[PDB]
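*Asks:* Protein chains in written order, with the authors' numbering: chain O, 2 to 81; chain 9, 4 to 685; chain S, 3 to 79; chain C, 1 to 203.
A virtual CB, placed ideally from N, CA and C, is assigned to each residue, including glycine.
I'd like to ask some things about the structure below.
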Amino acid sequence: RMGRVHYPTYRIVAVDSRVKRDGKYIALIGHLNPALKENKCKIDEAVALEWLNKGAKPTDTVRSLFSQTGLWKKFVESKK
Amino acid sequence: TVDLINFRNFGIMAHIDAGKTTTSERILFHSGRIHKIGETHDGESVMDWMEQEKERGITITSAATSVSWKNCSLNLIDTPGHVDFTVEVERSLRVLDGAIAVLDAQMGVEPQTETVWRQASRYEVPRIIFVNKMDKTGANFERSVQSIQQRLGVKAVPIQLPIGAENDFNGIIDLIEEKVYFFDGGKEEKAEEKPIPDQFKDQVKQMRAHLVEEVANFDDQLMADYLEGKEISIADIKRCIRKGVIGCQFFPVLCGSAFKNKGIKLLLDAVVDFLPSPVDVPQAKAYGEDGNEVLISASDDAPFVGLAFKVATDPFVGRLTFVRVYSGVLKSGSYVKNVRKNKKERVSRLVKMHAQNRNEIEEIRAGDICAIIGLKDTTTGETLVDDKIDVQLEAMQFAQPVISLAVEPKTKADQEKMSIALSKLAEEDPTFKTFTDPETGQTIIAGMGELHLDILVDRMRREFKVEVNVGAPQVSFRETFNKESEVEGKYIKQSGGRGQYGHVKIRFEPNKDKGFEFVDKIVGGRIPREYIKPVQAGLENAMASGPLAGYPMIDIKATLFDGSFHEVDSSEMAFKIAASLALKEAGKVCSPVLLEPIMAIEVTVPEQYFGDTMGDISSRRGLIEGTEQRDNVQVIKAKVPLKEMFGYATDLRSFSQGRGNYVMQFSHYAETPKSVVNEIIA
Amino acid sequence: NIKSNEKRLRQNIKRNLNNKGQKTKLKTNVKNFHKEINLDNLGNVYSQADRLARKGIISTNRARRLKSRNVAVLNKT
Amino acid sequence: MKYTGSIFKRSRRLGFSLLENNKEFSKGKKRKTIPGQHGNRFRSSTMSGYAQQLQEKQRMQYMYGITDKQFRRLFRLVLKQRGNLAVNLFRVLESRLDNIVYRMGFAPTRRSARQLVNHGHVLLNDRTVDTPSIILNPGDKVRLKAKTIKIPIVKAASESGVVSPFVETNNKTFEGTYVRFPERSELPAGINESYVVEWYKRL
RNA sequence: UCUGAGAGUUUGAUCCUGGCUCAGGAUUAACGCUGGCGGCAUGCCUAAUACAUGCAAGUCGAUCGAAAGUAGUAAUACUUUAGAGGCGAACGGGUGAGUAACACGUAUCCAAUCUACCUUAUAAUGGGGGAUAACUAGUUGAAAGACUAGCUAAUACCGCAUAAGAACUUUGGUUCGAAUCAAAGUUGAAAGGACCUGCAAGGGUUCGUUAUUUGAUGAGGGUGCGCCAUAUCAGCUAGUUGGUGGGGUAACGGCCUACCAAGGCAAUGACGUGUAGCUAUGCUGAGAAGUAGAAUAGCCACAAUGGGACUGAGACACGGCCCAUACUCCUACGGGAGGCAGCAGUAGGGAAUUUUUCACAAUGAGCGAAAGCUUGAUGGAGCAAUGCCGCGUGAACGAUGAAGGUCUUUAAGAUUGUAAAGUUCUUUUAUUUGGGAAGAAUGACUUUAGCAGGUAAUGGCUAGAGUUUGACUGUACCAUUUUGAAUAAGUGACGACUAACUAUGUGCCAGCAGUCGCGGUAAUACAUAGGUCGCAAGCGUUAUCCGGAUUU
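Here it is, written out as structure tokens:
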């Protein structure tokens with residue numbers, strides 16, 4: 002994780018699965034704070050579409066969060 | 004996994020040249036049926052390297068050597084790392100629970116077996132007798148048993164007898180069992196029993212008489228059976244011997260020639276049967292730390308308890324701490340604490356150290372001896388507890404060596420790294436002390452013969468890569484010269500931006516009643532009072548260095564008879580500057596006599612080797628014309644000079660075969676003869 | 003540490019031998035074409051080298067370069 | 001020192017007091033000279049602007065029981081916002097918990113207030129408070145954790161004190177509220193704050 | 001709202017040029033005295049010196065033969081890997097010796113570059129053959145193993161045929177060094193597995209194979225400008241420079257080769273030498289600028305030293321392969337095994353910088369459909385006053401100054417000092433008893449209902465509930481939770497530079513110091529005593545760069 006010990010942080014960041022954490026990437030989609038979870042997340046809701054449309058699917062641990070936000074419903078429109 | 008009846012902690016504790024090293028070597032050779040030793044077949048293909056006794060004993064000693072038998076696994080230890088030492092065997096017999104001492108058959112005065120025998124007699128720890136020499140000259144059984152019984156008086160009960168002379172040994176007798184025949188030579192790898200003939204039946208009856216006659220103190224029903232004559236079963240009589248052993252009042256003797264390796268397995272059977280198990284004997288009754296020093300013990304239960312006794316050093320690993328696991332089946336890897344020092348000593352790997360390799364066992368059963376790796380702050384005496392149990396300190400007797408050798412290395416950086424190594428060595432293996440005196444800078448070390456310092460230099464150079472040569476004892480002497488009449492101290496120089504002057508005349512009188520005192524014989528006041536006190540101190544600052552070499556001038560009086568100075572000149576320091584000048588000149592004329600430190604030597608002697616000791620003392624310039632005995636043993640007091648006692652230590656050690664030790668005390672300082680003062684300067 | 007590296011140590015040698023065989027027949031066809039230039043040799047080179055270009059032995063770039071350089075001398079008649 | 005344990009010496013040397021005046025109660029001589037033994041006719045050896053700047057700095061700092069490094073930290077945070085920093089330093093210093101605690105009439109001395117606060121005898125915003133190093137914000141209350149309301153000192157000194165005009169309190173329930181920022185002309189002070197501003201050259 | 005502090009010193013005195021030190025912050029920091037406590041941050045600057053032991057990337061049986069087991073005459077349901085085969089081991093992780101040059105940084109062009117695996121659509125997933133490991137057998141040996149014959153299977157290998165589209169060459173459309181679009185010749189594809197519906201029938205469903213088409217990703221390539229010092233380094237250079245043909249690189253190119261031809265770069269500093277990881281930035285300064293480039297992040301560099309090559313989309317590969325060299329280890333001397341600049345740890349050096357630690361709970365990666373497995377990345381713990389920060393050693397009454405030190409040296413009196421003696425209040429911390437969360441509602445699994453090209457079904461997606469994963473922790477926090485100020489102060493200075501003075505001893509002596517300089521009988525400058533001040537759980541001491549310093 003990043004940020005502070007006992008106060009973790011992980012920015013929702015657009016990147017391809019090639020390198021380590023906190024390095025080269027393409028776009029900054031947003032951020033989520035697990036230290037206080039009340040169904041809220043910093044999401045641009047627009048750039049994430051461009052990130053998803055060029056491959057490089059996000060980290061597997063955010064799929065439920067994006068479904069809660071409502072991004073999968075509008076993303077699966079391509080395969081419809 | 005194992006039953007505590009099978010696991011046993013025994014050992015061999017014997018005098019060198021009696022076969023102790025040899026018997027340990029060959030026991031490891033023929034008992035190597037466990038892969039940790041494996042010496043039985045893997046020592047025959049390889050050539051055993053024989054270098055010395057020193058290096059082999061250093062690199063083969065294993066505080067935990069486990070060997071496998073039919074049902075009972077043993078754990079042995081070879082403690083004696085010197086000619087003979089008391090605190091090492093103290094720690095060992097304090098942590099171990101089985102003693103096998105061999106008897107000499109080549110120089111049979113038994114110098115260093117008697118000491119450990121008396122120690123065990125005061126310790127009351129189970130001990131058995133075996134003899135390594137049976138097929139060698141001077142190794143007859145009857146003479147040995149008669150001599151030990153007559154001299155030591157321990158009420159030994161030899162059980163098994165050999166066959167043939169002290170060189171034609173060709174068969175083994177067991178008094179309650181059949182006879183052991185030999186198919187091959189040594190190595191005792193084939194076992195078979197045969198009935199006894201009359202030629203041995205006679206001695207069978209004869210020695211069974213002594214065997215069962217003495218056991219009358221155990222289970223009087225056996226005495227009734229002996230009165231009746233009905234045959235006594237082996238089980239009950241052997242249980243009686245077990246009771247005698249645990250009571251530490253009966254001591255059986257075995258037979259066999261381990262030097263050529265005859266009679267090995269029967270030794271194993273006898274020692275595993277006659278000696279108790281560490282589950283049936285209560286653990287060492289040690290005194291706790293609460294304000295009472297009450298006896299406590301965990302009885303091989305869950306609480307892990309351990310007292311550090313051995314700490315060795317090894318490169319690539321660090322500190323290997325040989326400690327006894329008195330109770331507790333602990334885990335490999337934990338953080339234990341000791342209360343007497345308040346630090347969590349790290350438990351990283353609980354290992355067993357073998358002659359040729361190491362083996363870290365995951366868990367060790369209670370009542371065992373083993374090493375631990377790490378333990379960066381371990382001192383002998385701390386209690387290792389982390390299962391919520393109070394600490395303990397077992398203390399009944401301790402001794403520190405006084406046999407002193409004063410040496411010095413040959414290089415300064417060599418001395419520095421020697422100090423760095425010896426501090427750690429003292430931290431790990433307490434068996435000697437270290438003194439540094441401000442005379443010139445010398446290491447006064449505590450030794451036990453030359454072998455101790457040889458072990459020192461070996462363990463230093465083979466590990467730390469140090470070049471060092473030992474030195475000779477160098478000591479000083481006090482000084483006192485003749486009472487002079489007058490001295491002429493002149494200070495003439497135009498320096499200091501002013502006038503420098505001083506004219507001193509002192510009759511210098513040494514005294515032995517009181518210390519230094521200054522006397523002013525300047526009645527007319529030709530010198531100022533304010534100029535007296537510094538130059539006084541100058542003599543007090545010059546009483547540390549004489550005119551010859553700087554020998555201590557102690558308790559000497561000064562009386563300023565006459566003096567003069569310059570009214571506007573004669574700086575004060577020049578006075579004291581002159582004070583050392585004139586004192587030298589007349590001091591050269593005075594031809595001082597020395598004062599040697601005379602000491603008292605108390606030697607306890609059995610009054611059978613006093614001739615050599617008395618002659619050596621006479622040669623060492625002493626006063627002896629008789630003896631003064633403590634109503635059963637003679638403790639002679641002798642006045643000795645310190646200048647030659649260092650060699651006299653080992654001379655007395657060798658003259659009495661190491662049987663008589665002494666203690667050094669500071670008597671006083673006495674007048675010297677001319678044969679000492681002619682050596683004052685080169 | 004490592005447990006299956008020897009698998010690749012023995013795996014590549016036989017595959018390398020097979021690839022050497024493919025390369026050798028390719029070079030044999032190229033030399034045959036170089037001896038004299040005609041349509042049948044070029045066709046044989048195509049039919050026996052396109053399979054090599056299919057798999058991971060020689061990339062298609064080198065194959066294209068080789069056939070272009072062959073059809074050049076073919077058209078130089 | 002955070003807990004000097006001896007304030008009368010400082011009062012005698014500085015001629016000032018945290019209260020109005022209670023550090024001279026005729027227990028022997030009532031002398032306004034310097035303490036110790038240095039001669040009653042000597043004053044000092046160097047009396048430049050540096051000396052008086054340091055004297056006023058120590059006066060202001062020891063009037064609040066604060067350490068110098070924390071004072072420098074406070075000055076650093078003061079440099080963030082701008083305005084009339086001369087009186088703003090006083091306003092921010094008074095916003096510390098124990099200062100307003102005395103301004104509430106709770107306890108006569110800041111040291112007593114610190115002793116009360118640290119041992120867990122004060123409640124604020126439903127959270128236990130153990131330090132007076134809290135930057136008070138306009139519109140905040142302070143409770144008393146009614147279990148510890150049985151302290152005799154605060155009960156006795158609630159009425160016998162003086163309430164500052166920029167703070168209010170319902171002393172019957174022993175809870176006070178911060179009204180507005182403090183002012184220079186409403187509190188007893190004569191400190192040349194400009195010397196304090198100029199002296200610290202770390203920034 | 002914002003941007004600049006001075007002082008001392010050479011001379012009888014003064015001015016002036018010029019130099020040095022002090023008054024400021026700070027670290028990859030150390031030393032001496034000490035010494036409550038939490039959070040955060042940090043911890044080989046030197047020897048790219050060797051390194052003991054264990055751990056450091058494996059995975060796939062829902063890919064295959066062979067081999068064991070649980071129960072079952074047999075079929076079988078499941079767990080396993082020695083091997084084959086597939087994917088991944090080219091990532092992640094560290095270390096700064098060389099490199100003073102398109103390496104880095106920056107804007108760019110690839111009418112010169114590949115891009116497996118992820119996203120988009122599409123021509124499709126046709127048919128045979130021969131193979132060899134494990135195993136069986138025989139030698140050798142301590143194991144180690146290797147060697148030699150026999151049998152097997154596939155998504156391993158090699159052929160047979162069909163191709164949209166591709167590749168290749170001729171004809172015609174067509175471009176700001178080359179490219180579009182038509183007709184033709186030529187030529188190359190593979191491989192199955194799991195599941196459902198069916199009596200068989202076939203079909204469908206999921207993974208995946210092969211030829212494509214799409215972007216994106218990542219890497220490569222050359223140029224503009226910027227990017228250390230040195231003239232006590234004047235000429236450097238021969239594949240060096242250029243044309244032609246061929247080879248070769250992933251592509252373009254003396255990148256290589258055959259012939260031919262002889263310049264290129266330089267006084268605007270080549271070339272040689274010395275030093276050096278670069279960049280965002282840390283620090284200082286108001287700034288122009290100076291300094292170092294520790295964490296952290298991007299790039300290249302190397303992996304005992306030096307050469308090569310195979311493998312695969314991706315290497316000339318931190319712990320793949322061969323050789324040489326140096327070193328090192330074991331051996332029953334037949335022969336083998338090895339590279340901590342991966343994590344801790346050891347030796348040595350240095351003044352000096354950590355424990356031979358707990359788990360994948362969170363994140364990522366690899367494989368697999370998944371239950372899941374590996375993860376020395378990582379999350380933690382612990383040490384280390386190493387730094388920053390809050391935080392304590394209590395708080396309120398209580399003398400003409402308790403005793404006593406010290407001073408007044410002459411007492412009368414002052415001072416230590418409301419500090420104390422004593423009274424009251426209280427427990428951060430401490431000691432004991434209890435409750436004891438969040439970090440994780442993340443991923444699957446199972447029951448419900450719906451959606452979709454679709455069917456008879458099964459599978460993919462979303463909505464709902466339940467199962468659970470926590471190493472940390474008996475953490476934090478609180479609780480008629482017991483006791484009681486109780487369990488808790490140092491370090492520098494006191495002539496002026498820059499804040500606070502007196503006595504005693506010391507007689508150019510012992511001794512001081514960053515500067516002025518003190519001490520030859522009274523030292524406020526030495527030693528010490530009392531008191532005082534400057535900081536603070538730290539205080540001072542030396543070394544580094546900055547400010548002061550318009551002292552480049």
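By the three-class DSSP mapping on this structure, what secondary structure does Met463 (chain 9) have?
*Replies:* Within the second sequence, numbered from 1, the residue matching residue 463 (chain 9) stands at position 460. Residue state, collapsed to three classes: helix.
*Asks:* So, does the region 83-98 of chain 9 touch the region 452-459 of chain 9, judging by three or more C-beta pairs under 8 Å?
*Replies:* Touching, yes.
*Asks:* If you draw a straight line from the C-alpha of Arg143 (chain C) to the C-alpha of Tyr102 (chain C), how long is it?
*Replies:* Your numbering for residue 143 (chain C) matches position 143 in the fourth sequence. Your numbering for residue 102 (chain C) matches position 102 in the fourth sequence. If I take the Cα positions, the gap works out to 15 Å.
*Asks:* Measuring alpha carbon to alpha carbon, tell me which residue in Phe325 (chain 9), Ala194 (chain 9), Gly331 (chain 9) is nearest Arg94 (chain 9).
*Replies:* To locate residue 94 (chain 9), count along the second sequence from 1; it is residue 91. The residue with the shortest Cα to Cα distance from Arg94 (chain 9) is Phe325 (chain 9).
*Asks:* Counting C-beta neighbours from all protein chains within 10 Å, is the total for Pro138 (chain C) 16 or more, i.e. buried, or is it exposed?
*Replies:* On the fourth sequence, position 138 is the one that residue 138 (chain C) refers to. Exposed, since its Cβ has fewer than 16 Cβ neighbours within 10 Å.
*Asks:* So what does DSSP say about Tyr672 (chain 9), is it helix, strand or coil?
*Replies:* Sequence index remark: in the second sequence, residue 672 (chain 9) carries index 669 (1-based). Residue state, collapsed to three classes: strand.
*Asks:* Helix, strand or coil: which one does DSSP assign to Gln503 (chain 9)?
*Replies:* On the second sequence, position 500 is the one that residue 503 (chain 9) refers to. Correct three-state label for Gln503 (chain 9): strand.
*Asks:* Within a Cβ cutoff of 6 Å, which residues of the same chain sit near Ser594 (chain 9), ignoring the five residues on either side of it in sequence?
*Replies:* One-based indexing of the second sequence puts residue 594 (chain 9) at position 591. Excluding sequence neighbours, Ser594 (chain 9) sits near nothing in its chain.
*Asks:* Can you tell me which of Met399 (chain 9), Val215 (chain 9), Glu430 (chain 9), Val679 (chain 9) puts its alpha carbon nearest to the alpha carbon of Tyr290 (chain 9)?
*Replies:* Counting from 1 along the second sequence, the entry for residue 290 (chain 9) is found at position 287. The shortest Cα separation from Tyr290 (chain 9) among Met399 (chain 9), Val215 (chain 9), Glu430 (chain 9), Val679 (chain 9) belongs to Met399 (chain 9).
*Asks:* Is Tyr554 (chain 9) helix, strand or coil by DSSP?
*Replies:* For the purposes of this step, residue 554 (chain 9) is taken as the residue at position 551 of the second sequence. Residue state, collapsed to three classes: coil.
*Asks:* Between which residues of its own chain and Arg114 (chain C) is the CB-CB distance below 6 Å, once the five residues before and five after are set aside?
*Replies:* Taking the first residue of the fourth sequence as 1, we reach residue 114 (chain C) at position 114. Closer than 6 Å at Cβ, skipping near neighbours: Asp98, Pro132.
*Asks:* Under a three-way DSSP split, which group does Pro281 (chain 9) fall into?
*Replies:* Within the second sequence, numbered from 1, the residue matching residue 281 (chain 9) stands at position 278. Residue state, collapsed to three classes: coil.
*Asks:* Starting from the N-terminal side, write out each stretch of the beta strand (DSSP E) that is 3 residues or longer and does not extend beyond the region 307-387 of chain 9.
*Replies:* For the region 307-387 of chain 9, whole beta strand (DSSP E) runs of length 3 or above, ordered along the chain, are 311-317, 321-328, 337-341, 346-356, 361-363, 371-377.
*Asks:* Does the region 555-567 of chain 9 come close enough to the region 632-651 of chain 9 that 3 or more CB-CB pairs lie under 8 Å?
*Replies:* Not touching, per the Cβ criterion.
*Asks:* When the Cα of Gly553 (chain 9) is compared with those of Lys591 (chain 9), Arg532 (chain 9), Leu269 (chain 9), which residue comes out closest?
*Replies:* For the purposes of this step, residue 553 (chain 9) is taken as residue 550 along the second sequence, with counting starting at 1. Among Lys591 (chain 9), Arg532 (chain 9), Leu269 (chain 9), the Cα nearest to that of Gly553 (chain 9) is on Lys591 (chain 9).
*Asks:* Taking all protein chains shown into account, decide if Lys313 (chain 9) is buried (16 or more other Cβ within 10 angstroms of its Cβ) or exposed.
*Replies:* For the purposes of this step, residue 313 (chain 9) is identified with residue 310 of the second sequence, where counting begins at 1. Looking at its Cβ environment, which holds 16 or more other Cβ atoms inside 10 Å, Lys313 (chain 9) is buried.
*Asks:* Shortest alpha-carbon distance to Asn84 (chain C) belongs to which of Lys29 (chain C), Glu183 (chain C), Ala189 (chain C), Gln53 (chain C)?
*Replies:* Taking the fourth sequence and counting its residues from 1, the one referred to as residue 84 (chain C) is at position 84. Among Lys29 (chain C), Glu183 (chain C), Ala189 (chain C), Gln53 (chain C), the Cα nearest to that of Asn84 (chain C) is on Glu183 (chain C).
*Asks:* Starting from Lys640 (chain 9) and walking both ways along the alpha helix (DSSP H), at which residues does that stretch end?
*Replies:* Start at 1 with the first residue of the second sequence, and residue 640 (chain 9) comes out as number 637. Where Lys640 (chain 9) is concerned, there is no enclosing alpha helix (DSSP H), although the beta strand (DSSP E) it sits in stretches over 637-644.
*Asks:* What are the start and end residues of each continuous beta strand (DSSP E) run of 3 or more residues lying completely inside the region 432-496 of chain 9, in chain order?
*Replies:* Whole beta strand (DSSP E) segments, 3+ residues: 437-439, 446-449, 481-483, 492-496.
*Asks:* Which residues in the same chain have their Cβ closer than 7 Å to the Cβ of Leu425 (chain 9), if we skip the five residues on either side of it in sequence?
*Replies:* Counted from its first residue, the second sequence places residue 425 (chain 9) at position 422. The answer, listed in chain order, is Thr437.
*Asks:* Please determine if the region 281-296 of chain 9 and the region 152-161 of chain 9 are in contact, where contact requires at least 3 C-beta pairs separated by less than 8 Å.
*Replies:* No contact exists between the region 281-296 of chain 9 and the region 152-161 of chain 9.
*Asks:* Below 8 Å, how does it come out for the region 505-525 of chain 9 and the region 477-497 of chain 9: are there three or more Cβ pairs, yes or no?
*Replies:* Segments in contact, yes.
*Asks:* Mind pulling the alpha helix (DSSP H) runs of 4 or more residues that sit fully within the region 7-43 of chain C?
*Replies:* DSSP runs (the alpha helix (DSSP H)) wholly in the region 7-43 of chain C: 8-14.
*Asks:* According to DSSP, simplified to helix, strand and coil, what is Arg56 (chain S)?
*Replies:* The sequence position of residue 56 (chain S) within the third sequence is 54, counting from 1. Looking at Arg56 (chain S) - three-state DSSP - the assignment turns out to be helix.
*Asks:* When burial is assigned at 16 or more other CB atoms within 10 Å of the CB, is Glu628 (chain 9) buried or exposed?
*Replies:* Position 625 of the second sequence, counting from 1, holds the residue named residue 628 (chain 9). The residue is exposed, with fewer than 16 neighbouring Cβ atoms inside 10 Å.
*Asks:* Closest to residue 206 (chain C) by CA distance: which of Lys9 (chain C), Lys150 (chain C), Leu54 (chain C), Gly176 (chain C) is it?
*Replies:* No answer is possible for residue 206 (chain C): the residues shown for chain C start at 1 and end at 203.
*Asks:* My guess is that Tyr672 (chain 9) and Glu599 (chain 9) are in contact by the Cβ rule of under 8 Å, so how many angstroms apart are they, rounded?
*Replies:* Numbered from its first residue, the second sequence carries residue 672 (chain 9) at position 669. Numbered from its first residue, the second sequence carries residue 599 (chain 9) at position 596. Sure, about 7 Å apart at Cβ, within 8 Å.
*Asks:* With burial defined as no fewer than 16 other Cβ atoms inside 10 Å of the residue's Cβ, what is the status of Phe401 (chain 9): buried or exposed?
*Replies:* Taking the second sequence and counting its residues from 1, one reaches residue 401 (chain 9) at position 398. The residue is exposed, with fewer than 16 neighbouring Cβ atoms inside 10 Å.
*Asks:* Within 10 Å of its beta-carbon, does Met356 (chain 9) have 16 or more other beta-carbons around it, so buried, or fewer, so exposed?
*Replies:* As a working mapping, residue 356 (chain 9) is identified with position 353 in the second sequence. Under this definition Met356 (chain 9) is a buried residue.
*Asks:* Using 10 angstroms around the beta-carbon of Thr116 (chain 9), count the other beta-carbons present and answer buried if the total reaches 16, otherwise exposed.
*Replies:* Counted from its first residue, the second sequence places residue 116 (chain 9) at position 113. Buried is the call here.
*Asks:* Answer yes or no: do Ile525 (chain 9) and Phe568 (chain 9) have a C-beta to C-beta separation smaller than 8 Å?
*Replies:* Reading the second sequence from its first residue, position 522 is the one you call residue 525 (chain 9). Reading the second sequence from its first residue, position 565 is the one you call residue 568 (chain 9). No, Cβ-Cβ distance for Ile525 (chain 9) and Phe568 (chain 9) is not below 8 Å.
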